[PDB]
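> Starting off with a structure, shown below.
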Amino acid sequence: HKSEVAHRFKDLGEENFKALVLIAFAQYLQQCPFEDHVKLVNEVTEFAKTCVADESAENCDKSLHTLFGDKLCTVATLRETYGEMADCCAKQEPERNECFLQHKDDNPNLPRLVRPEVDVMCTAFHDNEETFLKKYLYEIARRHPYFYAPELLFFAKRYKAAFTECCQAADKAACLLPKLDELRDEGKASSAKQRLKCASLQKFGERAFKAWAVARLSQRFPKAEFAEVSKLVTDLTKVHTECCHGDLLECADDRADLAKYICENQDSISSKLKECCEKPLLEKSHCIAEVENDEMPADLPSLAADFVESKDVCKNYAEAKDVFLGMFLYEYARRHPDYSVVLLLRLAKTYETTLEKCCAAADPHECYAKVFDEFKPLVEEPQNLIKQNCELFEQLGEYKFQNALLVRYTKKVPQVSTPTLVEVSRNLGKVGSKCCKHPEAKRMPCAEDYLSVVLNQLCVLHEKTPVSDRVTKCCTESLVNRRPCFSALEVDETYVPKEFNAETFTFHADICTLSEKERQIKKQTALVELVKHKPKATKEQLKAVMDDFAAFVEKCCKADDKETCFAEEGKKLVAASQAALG
Ligand SMILES: CCCCC1C(=O)N(c2ccccc2)N(c2ccc(O)cc2)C1=O
Ligand SMILES: CCCCC1C(=O)N(c2ccccc2)N(c2ccc(O)cc2)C1=O
Ligand SMILES: CCCCCCCCCCCCCC(=O)O
Ligand SMILES: CCCCCCCCCCCCCC(=O)O
């Protein structure tokens, strides 16, 4: 229309508009106090209404980037508090906007946000719902300036719901805590997947991204034509590129356009899009990106038809290599929603290396003829890992299952820090308790999603404090080889045992008064230290000590003079256990 602010305000709503302006300002001006952003928001909202009333009103015709930049350059302590950023105000649009992007701190030095007691939260919530929620929305946004705003708003409403429901509960904590803990992880995962996808698009490039997308979109819309999935991969690639550059306005607009395009060609893409396409502007996109895989066509040919038996394979492949491979991927991915995207990529890479080393052969058709026989082991590796790991997980519980992983990975990389092994193994354990409850056909896609962030977080840490060449080998490896690389690690034999430290295996009754999570991590840490001291120990040998300690802990927390129990019994355990481990 003739007025940008008016337009956005109208088809967004006052509530959503006020929330996004807030998040937008908090992501740039991360150092300003809450009361300061609230003022900006009201001033901007007041302005918007003016434009809604009279489209021709002053400044209402200016662009959003321009207006946003102007108000930004209004902050008087700009230079004093953000130094260099203030010099941005001297530039002219769009150099000004670019300038702001460049000076956005992806991770400032703000104190960790602590979770207050349920009663204080619920009371603060009841006594002033709006400031309570906007204040936190502010704290979150300033700490994650690259987190897509609309996405951040979706989370806020889920938090609003948890309070509404739980603060009315008889037992508030039993209701709230589990919901908050879940919200946090779900949020952290969302954040990580976001940062992960941008980093990938930078290192590996556009080809790999597009490949990843063709596969992913084909599993979802197995009925859409290949030309549609391509049209879509092209636009999706532009969307992410932009959204990754960090410009919110461009990003949002590109996501909107794509969501409308999809909804309009709905019948030509997937049946599962009805619900999503009815929802309001601010959710259409979110819904869609989350949509379930449509049912795949009933009568579908055999891949070997056009890709192994056809006589024009090399002819069609030289014509346009990536198109052909994309086509291969499309046909392969849409017949396998049960495969992880990365697996589909491995098969395509494998099929690619073949056509390259066969279309240059005397008789092509006979050279590549048995290619599908080479997929088998590639497909089975991940399947067997899942079955084998999910079985074990059902035998033991989440907690005990995490201990098994602890022993397993400490042996593979004893050089890694003890608290890093516990963090990683616990998170790994969670992926098992989340994906194993799924029926086989959805397990692999599930593990991939969760495993990708855990492996990324793991690599980041190590990036900072490098400790093993192998981990760096796996971490800097190709995205498609990453997990198989870690799966291929073997017990470290070069490793030299950690010297026995008395303290490290001493325990006081305080563990008794500690919370479930606290006890576990307390035990799990000793478990890692144990394996680092006796790496050549056997599961049996180990299993014995563990269960001994196990009891010793209970048999002392449910005992009279607890401290002596741990002191006297503890002297014994350590003494015997060492004997058992020679
Ligand atoms: C690398 C992480 C990809 C996340 C993602 C996704 O799955 N869809 C997506 C894209 C096409 C079909 C189905 C889902 N879109 C997306 C959704 C809505 C929109 O309007 C713009 C883009 C995405 O950004
Ligand atoms: C008789 C069936 C044995 C199954 C079993 C197993 O594989 N681990 C096990 C034992 C040692 C190393 C790795 C795994 N432990 C176990 C697991 C967690 C725990 O905290 C205590 C013990 C077991 O009890
Ligand atoms: C238009 C569709 C583009 C997709 C091209 C297919 C290429 C698949 C190769 C497998 C990807 C491995 C990633 C990589 O090594 O770059
Ligand atoms: C070499 C002497 C040190 C032995 C001390 C045993 C400490 C190991 C703790 C094992 C944790 C048990 C976990 C559980 O509760 O199942």
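In the structure tokens, each chain is lettered A, B, ... as it comes, each chain's residues begin at 1, and ligands are numbered from 1 in order of appearance.
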Collect all residues with atoms no farther than 8 Å from ligand 2, counting only C-alpha atoms and all ligand atoms, and output them as a PDB file with N, CA and C atoms, in the first residue's frame.


```pdb
ATOM      1  N   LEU A 392      18.416 -51.744  23.870  1.00  0.00           N
ATOM      2  CA  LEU A 392      19.149 -51.482  25.101  1.00  0.00           C
ATOM      3  C   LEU A 392      18.416 -50.451  25.964  1.00  0.00           C
ATOM      4  N   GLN A 395      15.634 -51.911  27.865  1.00  0.00           N
ATOM      5  CA  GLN A 395      16.065 -52.819  28.911  1.00  0.00           C
ATOM      6  C   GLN A 395      16.393 -51.980  30.139  1.00  0.00           C
ATOM      7  N   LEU A 396      17.133 -50.894  29.934  1.00  0.00           N
ATOM      8  CA  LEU A 396      17.520 -49.983  31.008  1.00  0.00           C
ATOM      9  C   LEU A 396      16.592 -48.800  30.883  1.00  0.00           C
ATOM     10  N   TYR A 399      17.922 -42.970  32.558  1.00  0.00           N
ATOM     11  CA  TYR A 399      19.076 -42.806  33.429  1.00  0.00           C
ATOM     12  C   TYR A 399      20.144 -43.891  33.290  1.00  0.00           C
ATOM     13  N   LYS A 400      19.757 -45.151  33.433  1.00  0.00           N
ATOM     14  CA  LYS A 400      20.731 -46.227  33.320  1.00  0.00           C
ATOM     15  C   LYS A 400      21.293 -46.298  31.911  1.00  0.00           C
ATOM     16  N   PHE A 401      20.453 -45.972  30.935  1.00  0.00           N
ATOM     17  CA  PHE A 401      20.862 -45.993  29.542  1.00  0.00           C
ATOM     18  C   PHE A 401      21.932 -44.934  29.329  1.00  0.00           C
ATOM     19  N   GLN A 402      21.805 -43.830  30.049  1.00  0.00           N
ATOM     20  CA  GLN A 402      22.760 -42.741  29.928  1.00  0.00           C
ATOM     21  C   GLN A 402      24.094 -43.155  30.505  1.00  0.00           C
ATOM     22  N   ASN A 403      24.055 -44.025  31.503  1.00  0.00           N
ATOM     23  CA  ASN A 403      25.281 -44.491  32.123  1.00  0.00           C
ATOM     24  C   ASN A 403      26.061 -45.386  31.167  1.00  0.00           C
ATOM     25  N   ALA A 404      25.335 -46.191  30.399  1.00  0.00           N
ATOM     26  CA  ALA A 404      25.940 -47.083  29.426  1.00  0.00           C
ATOM     27  C   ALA A 404      26.666 -46.253  28.377  1.00  0.00           C
ATOM     28  N   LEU A 405      26.020 -45.182  27.919  1.00  0.00           N
ATOM     29  CA  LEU A 405      26.621 -44.289  26.927  1.00  0.00           C
ATOM     30  C   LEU A 405      27.862 -43.622  27.505  1.00  0.00           C
ATOM     31  N   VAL A 407      29.917 -44.778  29.833  1.00  0.00           N
ATOM     32  CA  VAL A 407      31.021 -45.713  29.795  1.00  0.00           C
ATOM     33  C   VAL A 407      31.558 -45.830  28.373  1.00  0.00           C
ATOM     34  N   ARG A 408      30.649 -46.005  27.422  1.00  0.00           N
ATOM     35  CA  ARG A 408      31.012 -46.152  26.018  1.00  0.00           C
ATOM     36  C   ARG A 408      31.795 -45.018  25.370  1.00  0.00           C
ATOM     37  N   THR A 538      36.101 -54.250  32.432  1.00  0.00           N
ATOM     38  CA  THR A 538      35.034 -54.920  31.689  1.00  0.00           C
ATOM     39  C   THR A 538      33.635 -54.490  32.123  1.00  0.00           C
ATOM     40  N   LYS A 539      32.657 -54.604  31.226  1.00  0.00           N
ATOM     41  CA  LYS A 539      31.291 -54.244  31.587  1.00  0.00           C
ATOM     42  C   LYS A 539      30.922 -54.995  32.849  1.00  0.00           C
ATOM     43  N   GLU A 540      31.274 -56.274  32.897  1.00  0.00           N
ATOM     44  CA  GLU A 540      30.976 -57.073  34.073  1.00  0.00           C
ATOM     45  C   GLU A 540      31.668 -56.443  35.272  1.00  0.00           C
ATOM     46  N   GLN A 541      32.991 -56.335  35.215  1.00  0.00           N
ATOM     47  CA  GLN A 541      33.739 -55.728  36.313  1.00  0.00           C
ATOM     48  C   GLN A 541      33.066 -54.430  36.769  1.00  0.00           C
ATOM     49  N   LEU A 542      32.807 -53.553  35.803  1.00  0.00           N
ATOM     50  CA  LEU A 542      32.186 -52.259  36.042  1.00  0.00           C
ATOM     51  C   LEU A 542      30.780 -52.393  36.600  1.00  0.00           C
ATOM     52  N   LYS A 543      29.953 -53.174  35.916  1.00  0.00           N
ATOM     53  CA  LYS A 543      28.578 -53.401  36.330  1.00  0.00           C
ATOM     54  C   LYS A 543      28.520 -53.779  37.809  1.00  0.00           C
ATOM     55  N   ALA A 544      29.509 -54.536  38.270  1.00  0.00           N
ATOM     56  CA  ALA A 544      29.554 -54.954  39.663  1.00  0.00           C
ATOM     57  C   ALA A 544      29.786 -53.768  40.609  1.00  0.00           C
ATOM     58  N   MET A 546      29.421 -50.525  40.026  1.00  0.00           N
ATOM     59  CA  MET A 546      28.292 -49.616  39.944  1.00  0.00           C
ATOM     60  C   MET A 546      27.144 -50.002  40.846  1.00  0.00           C
ATOM     61  N   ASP A 547      26.729 -51.260  40.780  1.00  0.00           N
ATOM     62  CA  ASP A 547      25.619 -51.704  41.607  1.00  0.00           C
ATOM     63  C   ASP A 547      25.981 -51.685  43.091  1.00  0.00           C
ATOM     64  N   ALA A 550      25.778 -48.134  44.005  1.00  0.00           N
ATOM     65  CA  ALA A 550      24.345 -47.882  43.960  1.00  0.00           C
ATOM     66  C   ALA A 550      23.699 -48.081  45.320  1.00  0.00           C
TER      67      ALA A 550
END
```

> List the neighbours of residue 200 (chain A) out to 12 Å using only C-alpha atoms; skip same-chain residues closer than 6 positions along the sequence, and give me the result as a ChimeraX atom specification.

/A:193-194,206-210,212,240-241,244,452,456,476-480

> Would you mind exporting the chosen residues as a PDB file, in the first residue's frame, restricted to C-alpha atoms?


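Done, and the output landed in out.pdb:
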```pdb
ATOM      1  CA  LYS A 193      18.756 -25.828  14.413  1.00  0.00           C
ATOM      2  CA  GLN A 194      18.549 -22.219  13.274  1.00  0.00           C
ATOM      3  CA  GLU A 206      24.354 -23.709  -1.972  1.00  0.00           C
ATOM      4  CA  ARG A 207      24.533 -27.047  -3.806  1.00  0.00           C
ATOM      5  CA  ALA A 208      24.542 -29.091  -0.602  1.00  0.00           C
ATOM      6  CA  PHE A 209      21.805 -26.957   0.928  1.00  0.00           C
ATOM      7  CA  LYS A 210      19.585 -27.379  -2.134  1.00  0.00           C
ATOM      8  CA  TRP A 212      19.321 -31.334   1.567  1.00  0.00           C
ATOM      9  CA  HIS A 240      17.230 -18.865   4.314  1.00  0.00           C
ATOM     10  CA  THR A 241      20.144 -16.989   2.723  1.00  0.00           C
ATOM     11  CA  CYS A 244      20.625 -15.904   7.738  1.00  0.00           C
ATOM     12  CA  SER A 452      22.236 -33.025  14.578  1.00  0.00           C
ATOM     13  CA  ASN A 456      26.816 -29.562  16.630  1.00  0.00           C
ATOM     14  CA  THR A 476      35.243 -30.747  10.375  1.00  0.00           C
ATOM     15  CA  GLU A 477      34.190 -33.697   8.206  1.00  0.00           C
ATOM     16  CA  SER A 478      31.404 -33.420   5.590  1.00  0.00           C
ATOM     17  CA  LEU A 479      27.880 -32.956   7.016  1.00  0.00           C
ATOM     18  CA  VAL A 480      26.937 -36.291   5.512  1.00  0.00           C
TER      19      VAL A 480
END
```

> Counting only C-alpha atoms, figure out which residue out of A:242, A:391, A:331, A:151 gets nearest to residue 287 (chain A).

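Of all the options, A:151 lies closest to residue 287 (chain A).
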
> Which one is closest to residue 314 (chain A): A:523, A:286, A:357, A:103? Count only C-alpha atoms.

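Nearest candidate to residue 314 (chain A) out of A:523, A:286, A:357, A:103: A:357.
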
> Quick one: residues within 6 Å of ligand 3, with only C-alpha atoms and all ligand atoms, as a PyMOL selection string?

chain A and resi 207-208+210-211+322-323+325-326+345+348-349

> Got time to write the residues from that selection, N, CA, C and O atoms, as a compact mmCIF listing (two decimals), in the first residue's frame?


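Output contents, as saved in selection-v1.txt:
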```txt
# COMPACT_ATOMS: atom_id res chain seq x y z
N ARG A 207 24.88 -25.76 -3.20
CA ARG A 207 24.53 -27.05 -3.81
C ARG A 207 24.06 -28.01 -2.74
O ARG A 207 22.97 -28.58 -2.85
N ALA A 208 24.87 -28.19 -1.70
CA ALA A 208 24.54 -29.09 -0.60
C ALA A 208 23.22 -28.70 0.08
O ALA A 208 22.40 -29.56 0.40
N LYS A 210 20.64 -27.02 -1.20
CA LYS A 210 19.59 -27.38 -2.13
C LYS A 210 19.34 -28.89 -2.14
O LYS A 210 18.19 -29.34 -2.22
N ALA A 211 20.41 -29.66 -2.09
CA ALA A 211 20.28 -31.10 -2.10
C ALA A 211 19.51 -31.52 -0.85
O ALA A 211 18.52 -32.25 -0.93
N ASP A 322 23.25 -32.12 -12.16
CA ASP A 322 22.53 -31.89 -10.93
C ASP A 322 21.04 -32.07 -11.08
O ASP A 322 20.38 -32.54 -10.16
N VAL A 323 20.49 -31.71 -12.23
CA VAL A 323 19.05 -31.91 -12.41
C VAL A 323 18.74 -33.40 -12.26
O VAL A 323 17.86 -33.79 -11.49
N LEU A 325 20.53 -35.80 -10.87
CA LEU A 325 20.73 -36.21 -9.48
C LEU A 325 19.61 -35.68 -8.57
O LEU A 325 19.18 -36.36 -7.63
N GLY A 326 19.15 -34.47 -8.84
CA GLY A 326 18.08 -33.92 -8.04
C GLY A 326 16.88 -34.82 -8.28
O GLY A 326 16.19 -35.24 -7.34
N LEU A 345 21.13 -38.45 1.15
CA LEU A 345 22.25 -37.73 0.54
C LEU A 345 23.41 -38.67 0.28
O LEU A 345 24.07 -38.58 -0.75
N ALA A 348 22.67 -40.61 -2.79
CA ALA A 348 22.82 -39.79 -3.99
C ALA A 348 24.30 -39.55 -4.32
O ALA A 348 24.71 -39.55 -5.48
N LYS A 349 25.11 -39.35 -3.29
CA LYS A 349 26.53 -39.13 -3.50
C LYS A 349 27.09 -40.42 -4.10
O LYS A 349 27.81 -40.39 -5.10
```

> Please build the interface table for region 115-171 of chain A against region 278-282 of chain A with a cut-off of 10 Å, listing for each qualifying residue the nearest atom pair and the distance in Å to one decimal; count only C-alpha atoms, order rows by chain and increasing number, and write it as CSV.


```
residue,atom,partner,partner_atom,distance
A:150,CA,A:282,CA,6.9
A:151,CA,A:282,CA,9.1
A:153,CA,A:282,CA,9.3
A:154,CA,A:282,CA,8.9
```

> Point out the residue among A:567, A:169, A:152, A:551 with the least atom-to-atom distance to residue 507 (chain A), counting only C-alpha atoms.

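The shortest atom-to-atom distance to residue 507 (chain A) comes from A:567.
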
> Enumerate residues in contact with ligand 4: an atom-to-atom distance of at most 9 Å, counting only C-alpha atoms and all ligand atoms. Format the result as a ChimeraX atom specification.

/A:399-400,403,500-502,504-506,519-520,522-531,533-534,542-543,545-551,553,570,573-582

> Next, write the just-selected residues to a file, as a short mmCIF file (atom, residue, chain, number, x, y, z; two decimals), in the first residue's frame, keeping N, CA and C atoms as the atom set.


```cif
data_model
loop_
_atom_site.label_atom_id
_atom_site.label_comp_id
_atom_site.auth_asym_id
_atom_site.auth_seq_id
_atom_site.Cartn_x
_atom_site.Cartn_y
_atom_site.Cartn_z
N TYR A 399 17.92 -42.97 32.56
CA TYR A 399 19.08 -42.81 33.43
C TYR A 399 20.14 -43.89 33.29
N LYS A 400 19.76 -45.15 33.43
CA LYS A 400 20.73 -46.23 33.32
C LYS A 400 21.29 -46.30 31.91
N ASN A 403 24.06 -44.03 31.50
CA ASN A 403 25.28 -44.49 32.12
C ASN A 403 26.06 -45.39 31.17
N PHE A 500 44.88 -42.54 40.48
CA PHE A 500 43.86 -42.59 41.53
C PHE A 500 43.88 -41.39 42.44
N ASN A 501 42.73 -40.74 42.57
CA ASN A 501 42.60 -39.59 43.45
C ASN A 501 41.56 -39.93 44.51
N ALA A 502 42.01 -40.01 45.76
CA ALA A 502 41.13 -40.35 46.87
C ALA A 502 39.86 -39.50 46.91
N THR A 504 38.13 -37.63 44.75
CA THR A 504 37.21 -37.95 43.67
C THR A 504 36.22 -39.08 43.91
N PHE A 505 36.55 -40.03 44.77
CA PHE A 505 35.61 -41.12 45.02
C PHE A 505 35.06 -41.15 46.45
N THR A 506 35.17 -40.02 47.13
CA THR A 506 34.68 -39.85 48.50
C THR A 506 33.26 -39.28 48.42
N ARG A 519 21.77 -35.83 42.19
CA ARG A 519 22.36 -37.11 42.58
C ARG A 519 22.96 -37.77 41.34
N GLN A 520 22.12 -37.91 40.31
CA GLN A 520 22.52 -38.53 39.05
C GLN A 520 23.82 -37.93 38.54
N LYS A 522 25.83 -36.30 39.98
CA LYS A 522 26.87 -36.52 40.97
C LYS A 522 27.49 -37.90 40.80
N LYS A 523 26.63 -38.89 40.56
CA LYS A 523 27.08 -40.26 40.38
C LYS A 523 27.72 -40.43 39.01
N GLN A 524 27.06 -39.89 38.00
CA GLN A 524 27.53 -39.97 36.63
C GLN A 524 28.92 -39.40 36.47
N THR A 525 29.23 -38.36 37.23
CA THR A 525 30.54 -37.72 37.18
C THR A 525 31.61 -38.65 37.75
N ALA A 526 31.23 -39.37 38.81
CA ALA A 526 32.14 -40.31 39.44
C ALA A 526 32.33 -41.49 38.49
N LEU A 527 31.26 -41.83 37.77
CA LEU A 527 31.29 -42.91 36.82
C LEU A 527 32.31 -42.64 35.73
N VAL A 528 32.32 -41.41 35.21
CA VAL A 528 33.27 -41.04 34.17
C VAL A 528 34.68 -41.06 34.72
N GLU A 529 34.86 -40.54 35.93
CA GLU A 529 36.17 -40.51 36.56
C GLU A 529 36.67 -41.93 36.80
N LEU A 530 35.73 -42.84 37.03
CA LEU A 530 36.05 -44.25 37.25
C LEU A 530 36.65 -44.85 35.98
N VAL A 531 35.90 -44.73 34.89
CA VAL A 531 36.35 -45.24 33.61
C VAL A 531 37.67 -44.61 33.17
N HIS A 533 40.04 -43.90 35.06
CA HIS A 533 41.06 -44.46 35.94
C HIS A 533 41.30 -45.94 35.63
N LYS A 534 40.24 -46.64 35.24
CA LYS A 534 40.30 -48.05 34.90
C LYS A 534 39.62 -48.27 33.55
N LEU A 542 32.81 -53.55 35.80
CA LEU A 542 32.19 -52.26 36.04
C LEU A 542 30.78 -52.39 36.60
N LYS A 543 29.95 -53.17 35.92
CA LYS A 543 28.58 -53.40 36.33
C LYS A 543 28.52 -53.78 37.81
N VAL A 545 30.82 -52.98 40.33
CA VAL A 545 31.14 -51.81 41.15
C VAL A 545 29.95 -50.87 41.19
N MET A 546 29.42 -50.53 40.03
CA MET A 546 28.29 -49.62 39.94
C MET A 546 27.14 -50.00 40.85
N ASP A 547 26.73 -51.26 40.78
CA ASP A 547 25.62 -51.70 41.61
C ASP A 547 25.98 -51.68 43.09
N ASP A 548 27.26 -51.90 43.40
CA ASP A 548 27.71 -51.86 44.79
C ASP A 548 27.49 -50.44 45.29
N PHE A 549 28.12 -49.49 44.61
CA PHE A 549 28.01 -48.08 44.94
C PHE A 549 26.52 -47.76 45.04
N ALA A 550 25.78 -48.13 44.01
CA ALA A 550 24.34 -47.88 43.96
C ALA A 550 23.70 -48.08 45.32
N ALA A 551 23.84 -49.29 45.86
CA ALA A 551 23.27 -49.64 47.15
C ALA A 551 23.89 -48.79 48.25
N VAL A 553 24.91 -46.05 48.44
CA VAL A 553 24.30 -44.73 48.50
C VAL A 553 22.95 -44.80 49.21
N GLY A 570 32.15 -46.13 52.93
CA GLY A 570 32.88 -45.59 51.80
C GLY A 570 34.33 -46.01 51.77
N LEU A 573 34.07 -49.65 50.35
CA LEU A 573 33.76 -49.72 48.93
C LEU A 573 34.99 -49.44 48.08
N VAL A 574 35.52 -48.24 48.20
CA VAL A 574 36.69 -47.86 47.43
C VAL A 574 37.79 -48.90 47.55
N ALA A 575 38.03 -49.39 48.76
CA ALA A 575 39.08 -50.38 49.01
C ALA A 575 38.87 -51.68 48.24
N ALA A 576 37.67 -52.23 48.36
CA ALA A 576 37.30 -53.47 47.69
C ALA A 576 37.30 -53.27 46.18
N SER A 577 36.52 -52.30 45.73
CA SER A 577 36.40 -52.00 44.31
C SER A 577 37.76 -51.92 43.64
N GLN A 578 38.72 -51.27 44.27
CA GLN A 578 40.05 -51.18 43.68
C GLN A 578 40.64 -52.57 43.51
N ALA A 579 40.39 -53.43 44.50
CA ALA A 579 40.90 -54.79 44.47
C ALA A 579 40.28 -55.54 43.30
N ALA A 580 38.98 -55.33 43.11
CA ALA A 580 38.23 -55.97 42.04
C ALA A 580 38.67 -55.48 40.66
N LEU A 581 39.25 -54.29 40.62
CA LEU A 581 39.72 -53.72 39.37
C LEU A 581 41.24 -53.82 39.23
N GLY A 582 41.87 -54.45 40.22
CA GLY A 582 43.32 -54.62 40.19
C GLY A 582 44.07 -53.37 39.78
#
```

> Determine, for each residue of chain A having at least one atom at most 9 Å from an atom of ligand 1, the closest pair of atoms and their separation in Å to one decimal, counting only C-alpha atoms and all ligand atoms; order by chain and ascending number, as a Markdown table.


```
| residue | atom | partner | partner_atom_place_in_ligand_line | distance |
| --- | --- | --- | --- | --- |
| A:193 | CA | ligand 1 | 2 (C) | 7.1 |
| A:194 | CA | ligand 1 | 2 (C) | 6.8 |
| A:196 | CA | ligand 1 | 1 (C) | 8.3 |
| A:197 | CA | ligand 1 | 1 (C) | 5.2 |
| A:198 | CA | ligand 1 | 1 (C) | 8.0 |
| A:209 | CA | ligand 1 | 1 (C) | 8.2 |
| A:212 | CA | ligand 1 | 1 (C) | 8.4 |
| A:213 | CA | ligand 1 | 1 (C) | 7.5 |
| A:216 | CA | ligand 1 | 7 (O) | 7.8 |
| A:217 | CA | ligand 1 | 12 (C) | 5.9 |
| A:220 | CA | ligand 1 | 13 (C) | 7.1 |
| A:221 | CA | ligand 1 | 12 (C) | 8.0 |
| A:229 | CA | ligand 1 | 11 (C) | 8.6 |
| A:232 | CA | ligand 1 | 11 (C) | 6.4 |
| A:233 | CA | ligand 1 | 11 (C) | 7.5 |
| A:235 | CA | ligand 1 | 22 (C) | 8.4 |
| A:236 | CA | ligand 1 | 22 (C) | 5.8 |
| A:237 | CA | ligand 1 | 24 (O) | 8.8 |
| A:239 | CA | ligand 1 | 22 (C) | 6.7 |
| A:240 | CA | ligand 1 | 24 (O) | 6.5 |
| A:243 | CA | ligand 1 | 24 (O) | 8.8 |
| A:252 | CA | ligand 1 | 20 (O) | 8.2 |
| A:253 | CA | ligand 1 | 20 (O) | 8.8 |
| A:254 | CA | ligand 1 | 21 (C) | 7.3 |
| A:255 | CA | ligand 1 | 20 (O) | 3.8 |
| A:256 | CA | ligand 1 | 20 (O) | 5.1 |
| A:257 | CA | ligand 1 | 20 (O) | 6.8 |
| A:258 | CA | ligand 1 | 20 (O) | 4.7 |
| A:259 | CA | ligand 1 | 20 (O) | 3.8 |
| A:260 | CA | ligand 1 | 20 (O) | 7.4 |
| A:261 | CA | ligand 1 | 20 (O) | 8.7 |
| A:262 | CA | ligand 1 | 12 (C) | 7.8 |
| A:283 | CA | ligand 1 | 20 (O) | 9.0 |
| A:284 | CA | ligand 1 | 20 (O) | 6.9 |
| A:285 | CA | ligand 1 | 18 (C) | 3.7 |
| A:286 | CA | ligand 1 | 18 (C) | 5.9 |
| A:287 | CA | ligand 1 | 18 (C) | 7.4 |
| A:288 | CA | ligand 1 | 18 (C) | 5.3 |
| A:289 | CA | ligand 1 | 14 (C) | 3.5 |
| A:290 | CA | ligand 1 | 7 (O) | 6.4 |
| A:291 | CA | ligand 1 | 13 (C) | 7.0 |
```

> As a PyMOL selection string, please: every residue in region 114-249 of chain A that DSSP puts in alpha helix (DSSP H).

chain A and resi 118-127+129-143+149-166+172-203+206-220+226-245+248-249
